[PDB]
Each structure stands twice: as C-alpha cells, then as structure tokens.
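Report on one structure; see the data block that follows.
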There are 6 protein chains.
Amino acid sequence: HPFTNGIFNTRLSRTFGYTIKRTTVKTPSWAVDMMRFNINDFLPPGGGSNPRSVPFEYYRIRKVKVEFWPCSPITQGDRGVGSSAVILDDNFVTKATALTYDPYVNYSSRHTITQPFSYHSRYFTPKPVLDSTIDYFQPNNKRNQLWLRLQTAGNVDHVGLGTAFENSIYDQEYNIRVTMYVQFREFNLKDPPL
Amino acid sequence: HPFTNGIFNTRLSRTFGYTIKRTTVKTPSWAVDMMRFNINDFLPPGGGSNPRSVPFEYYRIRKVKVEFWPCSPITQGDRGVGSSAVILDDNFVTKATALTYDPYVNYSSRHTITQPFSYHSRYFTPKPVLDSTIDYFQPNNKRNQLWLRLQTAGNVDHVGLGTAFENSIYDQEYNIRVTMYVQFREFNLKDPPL
Amino acid sequence: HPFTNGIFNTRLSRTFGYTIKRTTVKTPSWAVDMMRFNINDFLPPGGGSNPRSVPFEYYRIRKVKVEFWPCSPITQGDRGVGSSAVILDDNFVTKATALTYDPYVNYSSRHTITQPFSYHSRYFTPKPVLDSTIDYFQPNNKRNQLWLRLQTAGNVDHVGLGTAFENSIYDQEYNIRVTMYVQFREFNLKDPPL
Amino acid sequence: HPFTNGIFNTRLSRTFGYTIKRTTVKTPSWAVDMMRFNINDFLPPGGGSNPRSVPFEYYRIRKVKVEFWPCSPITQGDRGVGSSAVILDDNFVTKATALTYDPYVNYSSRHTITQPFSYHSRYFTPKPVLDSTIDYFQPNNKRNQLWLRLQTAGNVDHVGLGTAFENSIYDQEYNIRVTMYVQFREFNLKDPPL
Amino acid sequence: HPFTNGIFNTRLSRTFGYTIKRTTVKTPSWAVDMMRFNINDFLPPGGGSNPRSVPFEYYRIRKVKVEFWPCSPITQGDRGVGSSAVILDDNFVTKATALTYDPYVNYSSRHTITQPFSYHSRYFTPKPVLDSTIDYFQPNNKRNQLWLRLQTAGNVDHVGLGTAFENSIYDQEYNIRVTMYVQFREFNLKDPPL
Amino acid sequence: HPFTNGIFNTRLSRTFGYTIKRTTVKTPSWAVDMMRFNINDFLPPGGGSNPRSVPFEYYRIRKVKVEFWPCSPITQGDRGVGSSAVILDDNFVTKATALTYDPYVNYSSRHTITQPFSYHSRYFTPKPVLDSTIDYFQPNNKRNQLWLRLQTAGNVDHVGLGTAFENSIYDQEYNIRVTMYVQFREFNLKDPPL
C-alpha cells in the first residue's frame, strides 16, 4: 500500500545575502544578529483549487541546515573569530553592531565561526514558536514531534540560530543558504474538471 | 538520505458519468465504447513558477483502476451481460450503439460485466501511446518501465479499456471512477522570492 | 487456466527467388544486396469481422531464419565466396552489381557464403524499424522485448540481413526461404451471428 | 520446439436470448427444452485461402459452459424451481410447453435451477454426435478423446444440455451464454503472394 | 573468440569555454544555462569508404562526465554558490542572465557548485532524445539500454545537464571538458582495393 | 576501468584471385609461389586528423589465416597434389612455373594441398620482417610479442606462406582470402572542432 502512504520527505532551500559593514573601531567587537525559519519563504503559493505548491495537508520540519558561504577572497586580512548558537526558545541576544564581547561564546550549543573566508554550517532540529509568552518546545523525538497545518501564507516561525561575527576593517559578505528537511503528510490534491 | 530520494508514489482519481440510452430493439445487442487515460484529467495546472500542481519532473503510471459504479436500483429488470477488455495497443473496436454481438467476449483479457446494478472493476498496467502508427508497448516490468516527462497540458494518452454493454429496455447509467497509481520522480519545486 | 492464456507461438514462411546475373568482368567483384522482413508478406488478410488470418491483437518476432537454397547444380564451376551480415539498424551497404571488394567481410556478424551450390542460413533476432531517423533498437532480451500491434497491411519492417555474393561467369540462382518465429498475444476472435 | 507445437487452447463464446412465455395455468407445469452445441456458431468463416477464421486443421471440445443469465428483476414473484441435465447421447425429452411434471428432476446429472432471477450454469465435457442411429460416445478421458476436422460450415453437433423451467404467471427471459473450451491442433495457415 | 566479439568500450572528450559576464546587480542573482551532448562533437567524419572515424555500426553512451575547470585565480573575491542538476527529459529551465533565485537548488539531482575558483563535476547516464513531444527515457539498466546507429553527422542529442551559477562582480570563466564513456558494437570496416 | 583499457582485438580480411595457367607438360611439375602479409592491404587510409581508418597507435598480428577457395568444379579432372609451408624468415623458394618436384613437400611445416576443387587453409602466427639481412624472428609467445607502430602506408611486411601447386592440363583458379587476427593498442582518436 505504497500509494496510500501519505508521507513525503523532501528538502527545500533558499539563498539570501548577509553583510557586515566594515567598522573602524580598534579593539575587538562583535556584530550580533539572528535567524528564524519560516516555510513561507520556501514554498511559493500554488494555483487554482490547490493553494500551495506542494499538495499536502500537514508538515513538520525534521532538520534545518544553515550554511554560510563566504564571499571574501581567501587573501583577505583582519581575520576574526565568532560564534553561532542554537536558540530553541525564540529568545535571541539583542541585535547589535559592535558589542564589546561575543555574547554567544559560552552557550552550550556554540560552534566557532572562522572569518571571513571560511565556510560554516549548523545542522539541527528547529522548534516552532507555539506561544511567544511561554516559549515552550519539545525535546528531540522523531515519533512524538508535533504536526503542523501547511498554510499558504500564515505559517508559524521556526526558531533556531543566533550569531556573533567579529567586526573587521573590511566588509564581510556572505551568501547564506538555508535548507529545511521537511516531512509532509496527507496528500490532498484537488482536481476540478475541464 | 530519505530527503534526497526523488520518488513519490501516489493515487489520483476522477469521476465522470456514462449512460447507455434505452433501446427498443428486441433481440440482444451491445453498446460498444472505449476509454483512454490521460494524466491531464487528473492533474490541474499549477501556479507561478511551478506549472504543475505536483512539483515533479518525471512520472510513469504503474497501475490503473477503472470502477463502474451502477446508478440503477437493484430492482431494475431486463438485466444483461457484457464485457470489458484491456486494450494495450490503442486499437479499439469501433464505437457502436447496437452491435448484434459482444465484440469483446472472446478477448483473452475479457472480464464479464453484470448489468445493470452490479459493480465492475478492472485493475491493470496501461501503456502510453508512443507511436500510433506502429502501436508498440513494453511488457509488464516494473524496473524497466519508461519514464515520461510530466507536462502541464500536452501529456500523452495511456491506453487500456474497451467495453461492450448489452442494451436494455431501460436506461443504464453509471458513475465511472478512474484511479491512476502514479509514480513521480525528481522533485523540482521552484521558489521565487518575495 | 490454459484456455485464458493468450499466448501462441508459431512459425511462418515464404519462399521467393533471387538471381545474380552472370557478369563477364575478370577480377573478383561482389553483388551487394539486402533483406528486410515484414509480417505483411507472411500473413494474408482475413475475412469479415476478423481483418487478419490469425485472430490475435499483438505480436513480436522472436527469431528469423533466412535460408538460401541453391539452384545451381553441384557440378557448376567458377565457384566464389561471399558474406552475409546481420544489420539491426536498417543501414545497409548500398545495393551494387559489382563492388570491387566484399563490403561485409569484416562485419562482426559476418558469416561466410560458399557459392554457388551450397546451402547457407542465418538465424537471429531481427529488430523493428521504430524510427528511421535515429534507428534505435533493443538488446536481445526475451522478457523485455517490445510488443507490436498486428495490423492488416501497414505492419512495420523488421530489419536484419545484408549480403554480398561474389559474381560469376555463370548465373547463380537461389530459392530464398524466410521463416519468422512469431509470438502472438491476446486472442481477439470476433463472432458475428447468422 | 515451442513454435512447432501445433496445439492451441482457447475459449469461444456466443450469447443468445431465451424466453418462457407466461402461462395462466394454475398448478405446477414445466417448459421442456434442450441445447446442442455446434462450433459453426462460434467460428465465422475466414477469407481467401484460409476458409476458417482460426488457421487450424483439427479440433476437439474439451469442455462446455452454459450460463443462464436472468433478465428478470430480483423483485419478481411466482418463483419456481426447475432442472438442467447433461444429455450425452443426443436423446432429449420432447420439447414441451407445460408438462405436468419436471422430466429431468430424477436424472443423475440433474442440477436444480432457481427461477426466475437467479444465475445458473453447467460445466461439462459434451460429446459429438457421431452416429445418430446408435448414439455412442467416449467416456471422459483427455488423452484418448477423438480429434475432429475443423470445417467451414458442416461441423458436427456436440450434444449436452436438457432443461425444464417451471412455468410462471410472468415472462421469464434469459440471456444464455455458451462457452466452448476448444483445443485446436495443426497450424495450417496458407500464405498466397502479393 | 575475442576477435569476433564486436564490442569496444572507449572514452571520448572535448573541451570548450564558458563564461559568465560580470554584472553590477547588487542582490543575489543566477545565470541559468544548460548542456546537451551529441556524439557529433566527439567523432570527426572519417574518409573514403569508412564515413566515420571509428569503424563501428552501433553505439550507446554508458556514462557522461562533465567537468568545470575554473579559470579564475584562487584569490578572486565575491564568491558565490550555485547548482547543477541532471535533466533526463530535455526540459531545461529557460536560459536566463540574472534570475532572482537558483531554479535548480531544489532538484533531487542537484549538486552544489562553489564559485568561482573551484572544480565541479557530474557523472551520470544521459538519455537520448527519442521523441521531444513525449520526452520518454529508460531507467538505468545496462543490459536493456537501447542501441543507436552511429551516424556521420545526424546523430541524436543526449540530454543531461542544467546549471545555475550565481552572478558576480567579476567575470567567471571556465574550461568545460565533457567526456563520454561510449560503448561501440559491430565492427564494420570497409576495405576497398589499391 | 574498461574504457581506459586501450586494447582491441579484431579480424581483417581481403580476397584476391590466383590462377595456375594450364600447361601441356606430361610428367608431374609444380608451380611454386609465395605470400607475404602487409596490413596496408587490410586497412584503408583514414581522413582528416585521423590518418588511419582505425584510431589506434600500435598493433601486432596475433594470427593469420590463409584460405584457398577453389573455383574449379568438383567434376574437374587431372587432379594433383601439392604443398603449403610456413616461412617465417622471408626466405621463399624461387617462384617457378614448372619445377620438376615439389620443393616444399619435406618442410616440417608442410601441409598437403588437394587440387583442384578442394578447400585448403593454414592458420599460424606470421612474423614481421625486421631486418632482411639477418632475418630474425621471435618464438611464439603471446606476452612478449613485439608491438609495431600502425602506419598509414609504410607498414612492414609480415612473412609466412610458401606454396607449390601441381600443374594441370586445365586451369586451376582460386579465390584466396587472407584474414589477419590483429590486436590494436592505444586509442588515439583526434577530434578537431567544427
């Protein structure tokens, strides 16, 4: 009964730019920022009786992969060191241009970022923001993970990555590619006549 | 690597009516007709950068199920007996209103049809019409079955069912539901920004 | 369920003459020619509601046997040596009366022909000419071999034999008997009343 | 040597109507009738050099299946009970409109017939009428069963079914489908030129 | 019988340039293009009685290897990230200079391309374009793969690679080397005298 | 790594006539002659950037087969007996019209020739003529056999067969077919653009 099995696992991606304007400040400082993941940016609206480009009723993000592809040449100087941390409760360190320290260096989920010409990636299970007042989430567990309704445009944000890049005397530009490993359930294709 | 596996098996259906107008002819006669299957009638066009409602590049019909759901009450008289046969080369018996015999009764692939209040179904692997001048097709073999490009509106006809219903003194109406067990390959979702 | 098994294997033959007019040319030369096989020449049209002499819907040629039965007496002189080659892509060497060499001698599928009073035969799986622009064909494989619609008069050519007979000072006449080992499928006998 | 094996097993059918006009008679009475089977009604004449639609020289009927498909609605009243019996010697009870008893009820080969909306079928080995003066026939034995010449129109009758339907206050119409499981031997296709 | 074995496996290559003109556009954009493979570009015409440089009658492409050899120095900046995807049905994304997204990123057969000084290659079984109206092709299966006639100049296109390179502020030039792993069959060398 | 294996074994042939004019001499006499084998006569020149019809750099003749196909009818008289001998050092008995004895009858490598209507063949490893002043050659040994450069027209002679046919009162004509079992090495196909 393979044809009645309503599960479909796939991968969705999008790439956007991110830049850290050069600063003249002498001593070490960090640019603090963060990322949320919303399936709205990965699934275009559909057409006709099928509102969404993928004909499924439910979904759940199994894993998220964030890749920082450096634009800077491998000959660039004033190299720095930063951090990326997994934030599962939607509580990120306030966005900042030049904090006097790396706010994420001590996080348990911290990974070191080498700048400005190195690749860097994080792979983890993000969590949906179910209630921003309590910010609760499920422990990692594939079989008990909540199912979400696949919407056309009002999808819920999935939370996960905070970063801190050390500022430089030169601009540091990246091409960030986010990939969601989604699991869709319940085929629901509508087929109007003519 | 489940998320990179580009195969997806699903089921698609559509229901249309079919009627056999009552005839006054005395002696036994048969209404001869036939059916082709085109995925155009099962997949609505998509929207935006995704031309088709299912984001896949290739496909192949593994199986087809044709169901004749009788409309006539189980109390109807002048019951008759007909035939349904699998036609894999696109060569059907000429459509007729009252042939003096059942043209399909002797076909090897013939199944008996009880009229007019009984259910009847056929399940088989249809074949695409690759060249109507030679009408050639593949023997049944799951791993060597040809892959076809999934098109928006110019899809190729898949051939398969010829029928012969015995005429009656009363109208014999059916609701025909065709179901295609399709196998899609190569996820190709396009995701334009904004 | 032997009676519902729609397969029938049989053998079909036809015999026609072939002559190589004597030439006066001194030095060795070869008469180049070729053969195609079309089931049209093996199956006469049928009658009534059954268009073809054998009541089957599909067919496929499993094997072809070409026999050259010499007419010349075993006492004839100016004996020569030629070649026969299997051509599966419908690309034969141009027909010629006296080529200065045997164009088929080097073909991998070449078999030597002893002239003019010897028997010679070839046995192989011919291939249908599906598209003369690309000339593609299937490797030998009984279970995946394409099925073809049995037509009354527009059947497709099956390709296979090229020959080169060395010219002689005497006429060399043969009786060529071609035998097709065909496999028919799907009994479809129509039985009109009276 | 499958291609030289001159045996071919197939199934042939034909459907004709049969009605039992309503009678006003009070007490139980039976309509007595009978059936013979002649391959003439199953094989149309051929064309050209092939006199018969199936190119075989000999044949023998392995089995015969007689199916009574009721026309009457399942809501019809004055239901009755009759009998069908296998007659292998061509000696049937005289055809009658309203015998005062069921003449076949005691036959060893008798099967009960439920009227008028039930299906009824018999499956048996019929016997050819070789000499109507002695009426002799072979015991059932597949390997010693006589072979018969397949003729165009003078084929011999095969004998087998006698019936007795109880009369009713309403008409009882049936669609009778007879199926012969024939075994053909000796392929004899003629293939004239041009 | 090694000398009568008409199979020969070899490798054929050709190298051509490909450039992506620099663009001034700010935000990420991609240059979309595609590649087809035709043996015409790998086999020069022959001479005399042997029309083609390799004396074989049939062939089939077992594998294709596309290599992108970067010209840009490893010190070049504005690095980007693109995609290459295997297109087996001859349906490529429309050629474009600066699409606002990478159209191939989500394809199942997608591989990431690092620009502009990295090597990148794809290795796969391409498919011949047998009918551009239906675009059907065989699943990968070495023993059932279609054989094609080796032509001098009218060979059929084999389809396979679509690409999307991210645009840059600098020119990105490559030397593309395509290698076909071909299997030839049936030696057919002609040897005219003198 | 089958595609990088530069070895290819094939068979090359050519047929030419040979006649022994009738003589009136009474007593037994023999016509002495000889044969050399040069690949020049088996490989036509190529075209364009590929000088030779087979795109290989080296070669070596593994075996040579010389076949004498008699032209004389099997009813011809004055039958005779001759000899054929393998000459590996390029030193043949002087060509003669009517030697008073068979000069090759005592050679160790001698085989008897039956004339004039019988077939006769020799199969052996010929040797290249490396230096006609010393006439040295290698013992038979497949793995140590010298490799030769495949040239367009200046190829070296391979030596091997001396013959002595007994003269007759009638002409004795033959069709001699020489076949070289060659082993080619190092694919070297050149592929100029356009």
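Naming works like this for the structure tokens: A, B, ... for the chains as they're shown, residue 1 at the start of each chain, ligands 1 onward in shown order.
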Both chains have the same sequence, so superpose chain E on chain C over all Cα atoms paired in order and return it as an mmCIF file with C-alpha atoms, in the first residue's frame.
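Once written, superposed-v3.cif looks like this:
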data_model
loop_
_atom_site.group_PDB
_atom_site.id
_atom_site.type_symbol
_atom_site.label_atom_id
_atom_site.label_comp_id
_atom_site.auth_asym_id
_atom_site.auth_seq_id
_atom_site.Cartn_x
_atom_site.Cartn_y
_atom_site.Cartn_z
ATOM 1 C CA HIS E 1 -6.183 -21.621 -16.886
ATOM 2 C CA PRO E 2 -4.625 -22.739 -20.224
ATOM 3 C CA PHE E 3 -7.605 -21.503 -22.222
ATOM 4 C CA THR E 4 -7.245 -17.937 -20.918
ATOM 5 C CA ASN E 5 -3.503 -17.839 -21.685
ATOM 6 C CA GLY E 6 -3.433 -15.524 -24.685
ATOM 7 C CA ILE E 7 -0.008 -16.566 -25.965
ATOM 8 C CA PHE E 8 0.596 -18.566 -29.125
ATOM 9 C CA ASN E 9 3.973 -19.352 -30.659
ATOM 10 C CA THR E 10 4.132 -20.288 -34.302
ATOM 11 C CA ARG E 11 6.286 -20.350 -37.414
ATOM 12 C CA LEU E 12 5.548 -18.526 -40.690
ATOM 13 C CA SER E 13 7.358 -18.924 -44.010
ATOM 14 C CA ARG E 14 7.510 -17.701 -47.594
ATOM 15 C CA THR E 15 9.817 -18.535 -50.482
ATOM 16 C CA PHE E 16 10.929 -16.233 -53.270
ATOM 17 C CA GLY E 17 13.597 -16.378 -55.937
ATOM 18 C CA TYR E 18 16.825 -14.412 -56.139
ATOM 19 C CA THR E 19 19.269 -14.380 -59.018
ATOM 20 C CA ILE E 20 22.699 -12.961 -59.675
ATOM 21 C CA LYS E 21 23.071 -12.407 -63.414
ATOM 22 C CA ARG E 22 26.366 -13.635 -64.820
ATOM 23 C CA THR E 23 28.987 -10.970 -65.465
ATOM 24 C CA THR E 24 31.954 -11.067 -67.830
ATOM 25 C CA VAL E 25 34.199 -8.976 -65.562
ATOM 26 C CA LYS E 26 37.517 -10.749 -64.983
ATOM 27 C CA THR E 27 38.742 -9.886 -61.490
ATOM 28 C CA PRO E 28 36.734 -10.602 -58.298
ATOM 29 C CA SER E 29 33.652 -8.436 -57.740
ATOM 30 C CA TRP E 30 30.601 -8.719 -55.486
ATOM 31 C CA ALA E 31 26.860 -8.237 -55.893
ATOM 32 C CA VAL E 32 25.643 -6.384 -52.824
ATOM 33 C CA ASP E 33 22.030 -6.585 -51.707
ATOM 34 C CA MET E 34 19.844 -6.717 -48.616
ATOM 35 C CA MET E 35 16.707 -8.038 -46.948
ATOM 36 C CA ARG E 36 14.011 -6.662 -44.684
ATOM 37 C CA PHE E 37 11.244 -8.738 -43.111
ATOM 38 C CA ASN E 38 7.675 -7.600 -42.923
ATOM 39 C CA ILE E 39 4.929 -9.749 -41.461
ATOM 40 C CA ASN E 40 2.671 -8.403 -44.235
ATOM 41 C CA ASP E 41 4.247 -10.970 -46.561
ATOM 42 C CA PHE E 42 3.596 -13.835 -44.155
ATOM 43 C CA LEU E 43 0.013 -13.164 -43.084
ATOM 44 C CA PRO E 44 -2.749 -12.856 -45.685
ATOM 45 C CA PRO E 45 -5.657 -10.564 -44.873
ATOM 46 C CA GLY E 46 -8.589 -12.319 -43.190
ATOM 47 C CA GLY E 47 -12.305 -12.003 -43.794
ATOM 48 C CA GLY E 48 -15.447 -10.480 -42.348
ATOM 49 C CA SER E 49 -15.160 -9.131 -38.822
ATOM 50 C CA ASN E 50 -11.679 -10.659 -38.488
ATOM 51 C CA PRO E 51 -9.302 -8.464 -40.593
ATOM 52 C CA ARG E 52 -6.331 -10.798 -40.185
ATOM 53 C CA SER E 53 -5.907 -14.527 -40.850
ATOM 54 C CA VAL E 54 -4.707 -15.117 -37.274
ATOM 55 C CA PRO E 55 -7.093 -13.757 -34.577
ATOM 56 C CA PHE E 56 -4.567 -12.064 -32.293
ATOM 57 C CA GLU E 57 -4.098 -8.460 -31.237
ATOM 58 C CA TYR E 58 -0.352 -8.215 -30.594
ATOM 59 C CA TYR E 59 2.809 -9.926 -31.804
ATOM 60 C CA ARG E 60 6.599 -9.829 -31.709
ATOM 61 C CA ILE E 61 9.155 -11.633 -33.836
ATOM 62 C CA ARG E 62 11.316 -13.790 -31.608
ATOM 63 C CA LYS E 63 13.609 -15.099 -34.327
ATOM 64 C CA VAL E 64 14.114 -15.044 -38.093
ATOM 65 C CA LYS E 65 15.706 -17.730 -40.218
ATOM 66 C CA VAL E 66 16.887 -16.928 -43.725
ATOM 67 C CA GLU E 67 17.743 -19.920 -45.883
ATOM 68 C CA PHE E 68 19.472 -19.728 -49.246
ATOM 69 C CA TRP E 69 18.632 -22.881 -51.186
ATOM 70 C CA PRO E 70 20.952 -23.040 -54.217
ATOM 71 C CA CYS E 71 19.504 -23.846 -57.636
ATOM 72 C CA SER E 72 22.853 -24.379 -59.345
ATOM 73 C CA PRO E 73 23.953 -27.995 -59.865
ATOM 74 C CA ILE E 74 26.827 -29.254 -57.707
ATOM 75 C CA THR E 75 28.827 -29.513 -60.929
ATOM 76 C CA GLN E 76 28.890 -25.784 -61.648
ATOM 77 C CA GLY E 77 32.230 -24.022 -61.863
ATOM 78 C CA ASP E 78 33.696 -20.583 -61.165
ATOM 79 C CA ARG E 79 32.885 -21.043 -57.501
ATOM 80 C CA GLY E 80 33.061 -17.963 -55.311
ATOM 81 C CA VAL E 81 32.984 -16.815 -51.716
ATOM 82 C CA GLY E 82 30.781 -14.132 -50.178
ATOM 83 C CA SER E 83 29.313 -12.862 -46.919
ATOM 84 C CA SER E 84 26.056 -12.325 -45.061
ATOM 85 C CA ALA E 85 25.800 -9.937 -42.124
ATOM 86 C CA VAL E 86 23.118 -9.076 -39.603
ATOM 87 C CA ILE E 87 22.057 -5.427 -39.891
ATOM 88 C CA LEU E 88 19.930 -4.407 -36.912
ATOM 89 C CA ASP E 89 19.746 -0.659 -37.552
ATOM 90 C CA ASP E 90 18.338 -0.613 -41.082
ATOM 91 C CA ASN E 91 21.588 0.775 -42.522
ATOM 92 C CA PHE E 92 22.669 -1.497 -45.374
ATOM 93 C CA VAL E 93 25.577 -1.122 -47.760
ATOM 94 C CA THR E 94 24.278 0.440 -50.984
ATOM 95 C CA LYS E 95 22.931 -2.139 -53.421
ATOM 96 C CA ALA E 96 25.610 -2.791 -56.063
ATOM 97 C CA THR E 97 26.203 -5.024 -59.088
ATOM 98 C CA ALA E 98 29.964 -5.425 -58.917
ATOM 99 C CA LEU E 99 31.728 -3.801 -55.980
ATOM 100 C CA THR E 100 35.498 -4.401 -56.181
ATOM 101 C CA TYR E 101 35.520 -5.946 -52.697
ATOM 102 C CA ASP E 102 33.225 -7.735 -50.247
ATOM 103 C CA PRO E 103 31.824 -4.880 -48.096
ATOM 104 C CA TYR E 104 30.580 -7.254 -45.405
ATOM 105 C CA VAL E 105 33.608 -9.485 -44.897
ATOM 106 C CA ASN E 106 34.786 -7.536 -41.840
ATOM 107 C CA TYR E 107 31.441 -7.193 -40.056
ATOM 108 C CA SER E 108 31.420 -8.819 -36.637
ATOM 109 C CA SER E 109 28.182 -10.624 -37.513
ATOM 110 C CA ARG E 110 29.580 -11.878 -40.813
ATOM 111 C CA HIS E 111 29.219 -15.500 -41.886
ATOM 112 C CA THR E 112 30.890 -16.897 -44.989
ATOM 113 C CA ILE E 113 28.793 -17.874 -48.015
ATOM 114 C CA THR E 114 30.038 -20.637 -50.297
ATOM 115 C CA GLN E 115 28.834 -20.341 -53.889
ATOM 116 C CA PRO E 116 27.094 -21.353 -55.968
ATOM 117 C CA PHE E 117 25.751 -24.770 -54.988
ATOM 118 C CA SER E 118 25.917 -24.655 -51.204
ATOM 119 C CA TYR E 119 23.209 -24.090 -48.633
ATOM 120 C CA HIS E 120 23.528 -21.085 -46.336
ATOM 121 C CA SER E 121 21.400 -19.873 -43.453
ATOM 122 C CA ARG E 122 21.287 -17.253 -40.743
ATOM 123 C CA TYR E 123 19.242 -17.393 -37.549
ATOM 124 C CA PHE E 124 18.849 -14.284 -35.412
ATOM 125 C CA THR E 125 16.537 -11.851 -33.627
ATOM 126 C CA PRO E 126 15.595 -9.084 -36.089
ATOM 127 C CA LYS E 127 14.609 -5.637 -34.881
ATOM 128 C CA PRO E 128 11.640 -3.488 -35.856
ATOM 129 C CA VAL E 129 12.324 -0.149 -37.548
ATOM 130 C CA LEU E 130 10.764 2.136 -34.922
ATOM 131 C CA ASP E 131 12.281 5.420 -36.128
ATOM 132 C CA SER E 132 14.394 5.501 -39.285
ATOM 133 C CA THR E 133 15.883 8.854 -38.240
ATOM 134 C CA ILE E 134 17.573 7.557 -35.093
ATOM 135 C CA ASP E 135 17.487 3.831 -35.837
ATOM 136 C CA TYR E 136 17.498 2.553 -32.271
ATOM 137 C CA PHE E 137 16.787 -0.987 -31.153
ATOM 138 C CA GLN E 138 16.605 -3.216 -28.095
ATOM 139 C CA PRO E 139 19.380 -5.548 -26.951
ATOM 140 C CA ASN E 140 18.337 -9.200 -27.077
ATOM 141 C CA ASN E 141 16.147 -9.914 -24.058
ATOM 142 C CA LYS E 142 13.108 -12.152 -24.350
ATOM 143 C CA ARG E 143 11.136 -10.726 -21.400
ATOM 144 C CA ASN E 144 11.550 -7.040 -22.227
ATOM 145 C CA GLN E 145 11.050 -7.255 -25.986
ATOM 146 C CA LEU E 146 8.509 -4.741 -27.302
ATOM 147 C CA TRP E 147 5.029 -5.911 -28.337
ATOM 148 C CA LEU E 148 3.646 -4.684 -31.665
ATOM 149 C CA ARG E 149 0.088 -4.263 -32.885
ATOM 150 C CA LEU E 150 -0.774 -6.871 -35.502
ATOM 151 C CA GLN E 151 -2.046 -4.872 -38.467
ATOM 152 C CA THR E 152 -3.768 -5.975 -41.655
ATOM 153 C CA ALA E 153 -1.482 -4.197 -44.108
ATOM 154 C CA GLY E 154 0.528 -1.396 -42.520
ATOM 155 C CA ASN E 155 2.927 -3.502 -40.463
ATOM 156 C CA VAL E 156 6.399 -2.222 -39.630
ATOM 157 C CA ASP E 157 9.530 -3.558 -41.310
ATOM 158 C CA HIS E 158 11.855 -5.720 -39.248
ATOM 159 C CA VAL E 159 15.426 -5.352 -40.267
ATOM 160 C CA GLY E 160 18.252 -7.808 -40.439
ATOM 161 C CA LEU E 161 20.172 -9.148 -43.440
ATOM 162 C CA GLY E 162 22.795 -7.744 -45.770
ATOM 163 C CA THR E 163 24.578 -9.917 -48.327
ATOM 164 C CA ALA E 164 27.462 -9.895 -50.775
ATOM 165 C CA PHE E 165 27.713 -12.662 -53.367
ATOM 166 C CA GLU E 166 30.834 -12.930 -55.494
ATOM 167 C CA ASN E 167 29.976 -12.521 -59.170
ATOM 168 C CA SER E 168 30.403 -15.416 -61.546
ATOM 169 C CA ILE E 169 30.758 -16.280 -65.212
ATOM 170 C CA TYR E 170 27.501 -18.248 -64.815
ATOM 171 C CA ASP E 171 24.113 -17.261 -63.402
ATOM 172 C CA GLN E 172 23.634 -18.037 -59.732
ATOM 173 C CA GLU E 173 20.004 -18.532 -58.817
ATOM 174 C CA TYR E 174 18.621 -19.237 -55.353
ATOM 175 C CA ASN E 175 15.295 -20.008 -53.746
ATOM 176 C CA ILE E 176 15.236 -17.954 -50.589
ATOM 177 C CA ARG E 177 13.004 -19.159 -47.797
ATOM 178 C CA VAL E 178 12.440 -16.795 -44.893
ATOM 179 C CA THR E 179 10.903 -18.125 -41.705
ATOM 180 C CA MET E 180 9.648 -15.967 -38.862
ATOM 181 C CA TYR E 181 9.265 -17.440 -35.407
ATOM 182 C CA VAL E 182 6.467 -15.208 -34.153
ATOM 183 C CA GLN E 183 4.832 -14.934 -30.769
ATOM 184 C CA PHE E 184 1.201 -13.796 -30.845
ATOM 185 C CA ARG E 185 -0.703 -12.457 -27.860
ATOM 186 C CA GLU E 186 -4.321 -11.683 -26.977
ATOM 187 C CA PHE E 187 -6.880 -13.828 -28.782
ATOM 188 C CA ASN E 188 -9.477 -11.445 -30.267
ATOM 189 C CA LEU E 189 -11.785 -13.506 -32.493
ATOM 190 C CA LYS E 190 -15.001 -11.675 -33.405
ATOM 191 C CA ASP E 191 -18.079 -13.858 -33.887
ATOM 192 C CA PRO E 192 -20.985 -12.119 -35.659
ATOM 193 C CA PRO E 193 -24.295 -14.101 -35.792
ATOM 194 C CA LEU E 194 -26.040 -15.971 -38.641
#
Would you please give, as number ranges by chain, all residues of range 8-143 of chain D that DSSP assigns to strand (DSSP E or B) based on the backbone? D: 8-20, 30-37, 45-47, 50-52, 56-70, 81-86, 96-99, 111-114, 120-124, 127-128
